[PDB]
């Protein structure tokens, strides 16, 4: 970072954080980039090793700059999740960004989502997240409201470059407005409890906590709640299952691989929900084998139907990003991949 912003960040840390941060000079302030870009930039700020801690205060903190009533809701949500220890602590909030607890950890990779212990804990963390009471609108308008929003943007897109017109053209040929109504119809007739959903539960949004790699059941934290809202539970689980097929670490264009064969098997899904249901309804454990098994089979139909909305939603989303995003990513190919998966899943389900 340039000297002007380095100023900004020094002051935030000095003005907002307790103990040693308070009596610290500009010439003892360490900050380096974690993630650059023009939106949601991340930086680690730290004390010198030479400087002694006074009280509770942390040695490292993460600074997050927004870059680019939405802010009120996200801030409140983040504060609340920090109070309940479900997210990183919140140390500072200001117009340009926030200071949060730095969680020593790494992101999971796509392959890890299928490891039984990992999958089981995600299901447990997700169930916990789904139990949160939040001061937000409890009507499930997010999913279809967001899909309509992006669809309407998609119909207005026009591309200057030539290959992009052809790609958009193939996508528009599916009759997106009509297909959206097909989806709504299917989902309106699929019962799914409304709950506080993460809405974006992918490997890059799950941290594996340092020094807990040997723990069986408490080694992960869910992060990045920008899309979170009251939603059908089926979406969050179906969305997460879709995320087994996609790997965003791929180092060449289009900067992702899709592997349709990596969608969880019946067995792997059952592994996930068998960890989910006990964690979401505490007395589920005490049902009869028969009653448990009826609930589980029903739940598989549910999440596999909702997985269609994941394909449809991120497909549309991805067309819009191709237009407006600064990030280096093959959006249009990703959109085609999500729609291919959408039509494949309808075939699999017989819808």
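Residue numbers count along the first chain shown, from 1. In this text, the rigid core denotes the largest set of C-alpha atoms whose superposition between the two forms falls within 1.5 Å.
Novice: Could you say which moves further from this form in 9 other deposited structures of this protein, stretch 158-166 or stretch 217-225, by root mean square CA distance after aligning on the core?
Specialist: When 158-166 and 217-225 are compared in 9 other deposited structures of this protein, the bigger C-alpha shift is seen for 158-166.
Novice: Which of the two stretches, 282-290 or 310-318, moves more in 9 other deposited structures of this protein when the core is held fixed, judged by C-alpha RMS distance?
Specialist: The more displaced stretch in 9 other deposited structures of this protein turns out to be 282-290.
Novice: Please classify the coordinate gap between residue 68 and residue 69 in terms of deposited residues: none, 1 to 3, 4 to 9, or 10 or more.
Specialist: Gap size class: 10 or more residues without coordinates, per the record.
Novice: Per the PDB record, is the mean Cα temperature factor higher over 229-237 or over 259-267?
Specialist: If you average the C-alpha B-factors of 259-267 and of 229-237, the larger mean comes out for 259-267.
Novice: Would you tell me which stretch averages the higher CA B-factor in the PDB entry, 305-313 or 39-47?
Specialist: The stretch with the larger average C-alpha B-factor is 39-47.
Novice: Maximum C-alpha temperature factor per the entry, among 188, 179, 109, 83, belongs to which one?
Specialist: Each of 188, 179, 109, 83 was compared by C-alpha B-factor; the highest is 188.
Novice: If you compare 146, 281, 105, 114, which has the highest Cα B-factor in the entry?
Specialist: Of the options given, 281 has the highest CA B-factor in the PDB entry.
Novice: What third of its chain, lowest, middle or highest, does the C-alpha temperature factor of residue 275 fall into?
Specialist: Bottom third by C-alpha B-factor.
Novice: Among the modelled residues of its chain, does the C-alpha B-factor of residue 221 lie in the lowest, middle or highest third?
Specialist: Bottom third by C-alpha B-factor.
Novice: Would the CA B-factor of residue 160 place it in the lowest, middle or highest third of its chain?
Specialist: Residue 160: CA B-factor falls in the highest third of its chain.
Novice: Taking the values exactly as deposited, rank residue 211 by C-alpha B-factor within its chain and report the matching third: lowest, middle or highest.
Specialist: For residue 211, the deposited C-alpha B-factor lands in the highest third.
Novice: Would the CA B-factor of residue 124 place it in the lowest, middle or highest third of its chain?
Specialist: Middle third.
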